[PDB]
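Read the structure below first, then the notes.
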Amino acid sequence: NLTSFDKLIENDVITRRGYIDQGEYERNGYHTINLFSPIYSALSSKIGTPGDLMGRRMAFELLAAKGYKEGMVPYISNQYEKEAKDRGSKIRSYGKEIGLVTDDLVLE
Amino acid sequence: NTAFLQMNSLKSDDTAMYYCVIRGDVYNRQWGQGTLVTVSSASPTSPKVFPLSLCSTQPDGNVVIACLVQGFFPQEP
Amino acid sequence: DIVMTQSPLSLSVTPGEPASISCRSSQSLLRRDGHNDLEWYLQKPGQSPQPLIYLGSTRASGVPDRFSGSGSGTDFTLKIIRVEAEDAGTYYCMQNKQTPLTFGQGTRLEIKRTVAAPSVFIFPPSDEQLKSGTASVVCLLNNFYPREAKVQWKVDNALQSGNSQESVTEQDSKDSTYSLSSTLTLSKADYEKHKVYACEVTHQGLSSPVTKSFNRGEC
């Protein structure tokens with residue numbers, strides 16, 4: 001399917017140059033993001049956690065697109081968690097109910 | 001207001017939950033608590049109190065902590 | 001002298017179910033006060049059986065209708081009109097006048113509750129006990145109805161016996177569900193021989209036994 005450039009974003013491809021790893025990038029890990037290694041993937045989770053590498057990459061891309069106050073911080077601050085909880089997406093963790101904010105919600 | 005029970009030549013089979021009880025009376029029939037007699041030459045040994053902790057993951061809404069004691073000879077309270 | 005006997009020995013009865021027990025007499029029923037020798041009893045947790053109906057033909061005051069002391073003469077009749085979760089225990093009939101106090105064979109009562117799945121809370125052995133040359137793995141089971149269960153102390157998937165056993169409480173006051181605890185006793189020489197320590201308990205409530213394992217040196 002990867003016949004041209006525009007399909008690279010569609011199929012969520014990541015270059016091997018700096019991310020040689022074939023396993024998993026475990027959460028709560030000291031993972032940096034390479035500068036010259038392209039990440040053509042616009043991958044976002046339909047559930048409310050984006051992961052580490054995609055998380056950092058999307059946060060920096062958002063900081064590029066929009067300022068620090070709006071963008072980046074809304075991407076990772078649970079700022080919309082109150083509004084997400086109001087819209088629904090209720091969840092219980094550690095014995096207490098709490099809202100859940102999802103990638104599509106912060107994008108909207 | 002006391003009664004006597006005499007035990008001699010003790011043996012391991014003599015260890016029992018001894019009960020003095022009051023009978024033959026309609027005015028007094030309160031049930032006595034008895035006594036614990038354990039027959040063994042071993043001296044009483046202080047328990048080895050080991051404060052076990054839940055090193056593994058705790059329950060979702062509760063914290064479980066256990067107290068372990070071992071190496072105590074007498075079983076009385 | 002006046003031998004008291006009971007035919008039933010153990011039974012499981014749900015609450016609100018009528019249960020009847022009869023005790024017989026082998027000698028004269030004469031007492032110190034002249035009443036019948038028999039005295040009914042019910043075992044209670046944390047103590048001895050408590051008297052229910054003494055004098056035989058006289059129903060003791062303060063005893064509810066559940067326990068019937070209508071038995072008179074050589075034969076006696078005791079009932080349990082309704083069963084309570086706290087009425088579990090063994091029932092004694094005995095003579096209290098002469099020297100050889102003859103108790104009945106006893107009928108232990110267990111309360112019939114629904115099967116429940118116990119929870120598992122394992123505890124790694126403390127390093128302080130390891131300094132004593134012994135070890136103790138604690139595998140906890142809680143609030144399950146079926147007391148009948150078997151515990152396997154598989155050390156590196158190898159069951160050991162004769163040193164490690166189980167401990168099970170009695171029926172709880174709140175819900176009459178037993179709780180099980182087993183401890184693995186191993187010497188330091190055997191402790192260093194073995195790396196992974198596992199607790200296996202086969203229980204009817206458990207669909208499959210639940211086992212938690214600790215690698216040596218976790219603490």
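How do the pairs read when you match residues in the range C:40-57 that are over 17 Å from C:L11 (Cα atoms) and more than 9 Å from every other protein chain (Cβ to nearest Cβ) with residues anywhere that are hydroxyl-bearing (S, T, Y) and not in a loop (DSSP other than H, G, I, E, B), using Cβ under 7 Å and keeping only pairs 6 or more apart or on different chains?
Listed by first residue and then by second, the contacts come to C:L52/C:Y41.
Which of the numbered conditions does C:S208 fail, given that it passes all the others? Conditions: (1) in contact (Cβ under 8 Å) with a residue 12 or more places away in the chain; (2) under 18 Å from C:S119 (Cβ atoms).
(1)
What strands (runs of 3 or more DSSP E) lie completely within the range C:103-216 and have 2 or more residues being within 14 Å of chain B (Cβ to nearest Cβ)?
Here the list reads C:120-123, C:134-144, C:165-168, C:178-187, C:196-198, C:213-215.
For the range A:80-108, how many residues are surrounded by fewer than 16 Cβ atoms within 10 Å (Cβ to Cβ), under 15 Å from the mean Cα position of the chain (by Cα) and not hydrophobic (A, V, I, L, M, F, W, C)?
2
Looking at (1) at the interface with chain C (Cβ under 9 Å from one of its Cβ atoms); (2) touching a strand residue (DSSP E or B) at 6+ places or on another chain (Cβ under 6 Å), can you tell me which one B:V37 breaks?
(1)
Just give me the residues in the range C:179-212 being of a type in the set (G, A, S) and surrounded by 15 or more Cβ atoms within 10 Å (Cβ to Cβ), in sequence order.
C:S179, C:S181, C:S182, C:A198, C:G205, listed by residue number.
What number of residues within the range A:43-96 are within 14 Å of chain B (Cβ to nearest Cβ) and small (G, A, S)?
Of the residues in that region, 2 qualify.
Restricting to the range C:63-104, count the residues that are buried (at least 19 other Cβ atoms within 10 Å of the Cβ), in contact with an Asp or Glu (Cβ under 8 Å, 6 or more places away or on another chain) and of a type in the set (A, V, I, L, M, F, W, C).
Of the residues in the range C:63-104, 5 are buried (at least 19 other Cβ atoms within 10 Å of the Cβ), in contact with an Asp or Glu (Cβ under 8 Å, 6 or more places away or on another chain) and of a type in the set (A, V, I, L, M, F, W, C).
Don't worry about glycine lacking a Cβ; one is built from the backbone with ideal geometry, like all the others, and counts go over all protein chains shown. Bear in mind these aren't lab numbers, they're just calculated from the coordinates by the rules spelled out.
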